[PDB]
Amino acid sequence: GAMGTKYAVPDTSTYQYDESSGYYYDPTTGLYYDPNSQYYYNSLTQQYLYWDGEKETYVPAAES
Amino acid sequence: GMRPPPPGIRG
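- The PDB entry lists chain A under the name RNA-binding protein 5, with Homo sapiens given as the organism.
- In the PDB, the structure is listed with the title "Solution structure of the RBM5 OCRE domain in complex with polyproline SmN peptide".

Below is the structure:
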């Protein structure tokens, strides 16, 4: 729990289309993405995520 | 149900 956190902007073309929700799912990273809600989510961690950019990692969009 | 859904899931 120190290294491995080298992420960046996900590849939008790598996402496939989920018809039920109407949004993108990327099999390679396991990321969910909606350009409208602008939030991501990684189901491998089961976390609703958000690309900060500065932290170079996916921060949970679980604002409480 | 399962994991969460893709961002949105509106109506």
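Text resumes after the structure shown.
1. Things to note about the pattern of salt bridges
And then number 1: Inspection of the entire model under this criterion finds three salt bridges over all chains.
And then number 2: Taking the shortest distance from any N to any O, the salt bridge between A:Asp34 and B:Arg10 comes out at 2.8 Å.
And then number 3: The buried category is assigned to A:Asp34, whose relative accessible area is 2%.

2. Structural notes on the interface of chain A and chain B
And then number 1: Listed by partner, the interface residues are 15 residues for chain A and eight residues for chain B.
And then number 2: Ranking the residues of chain A by area buried against chain B places A:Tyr23, A:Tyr32 and A:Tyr48 at the top, with a combined share of 44%.
And then number 3: For the interface between chain A and chain B, the tally reads seven residue pairs in polar contact.
And then number 4: Taken together, the elements giving at least two residues each to the side of chain A that touches chain B come down to β2 (23-26), β3 (31-33) and β4 (40-42) of chain A.
And then number 5: When its residues are assigned to classes, the side of chain A that touches chain B shows eight nonpolar, five polar and two charged.

3. Some words on the sheet that holds strand β1 (residues 16-18) of chain A
Residue and element names in this part refer to chain A.
And then number 1: Judged by pairing direction, the sheet is antiparallel, and its six strands sit side by side in the order β1-β2-β3-β4-β5-β6 without closing on themselves. In this open sheet, the two strands that pair with only one neighbour each are β1 and β6 (58-60). In this sheet, adjacent strand axes meet at a mean angle of 35° when their direction is disregarded.
And then number 2: As paired elements, β1 and β2 share three bridges and run antiparallel to each other. Within the sheet, the bridge partner assigned to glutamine 16 lies in β2 and is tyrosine 25.

Rules of the game
Residues numbered from 1 in each chain as written, not as in the entry; some residues may be left out. Chains lettered and ligands numbered in written order. Heavy atoms only, no water. Salt bridge = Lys/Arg side-chain N within 4 Å of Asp/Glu carboxyl O. Buried < 20%, exposed > 50% of the residue type's maximum accessible area, 1.4 Å probe, protein only. Contact = heavy atoms within 4.5 Å. Buried area = accessible area lost by both parts, 1.4 Å probe. Polar contact = N/O pair within 3.5 Å; in protein donor to acceptor, adjacent residues only side chain to side chain. Helix = DSSP H or I, 4+ residues; strand = E, 2+ residues; numbered from the N terminus. Nonpolar A, V, L, I, M, F, W, Y, C, P; charged D, E, K, R; others polar. Pairing = 2+ DSSP bridges. Axes fitted to C-alpha atoms, helices over the stretch in contact; angles between N-to-C directions.

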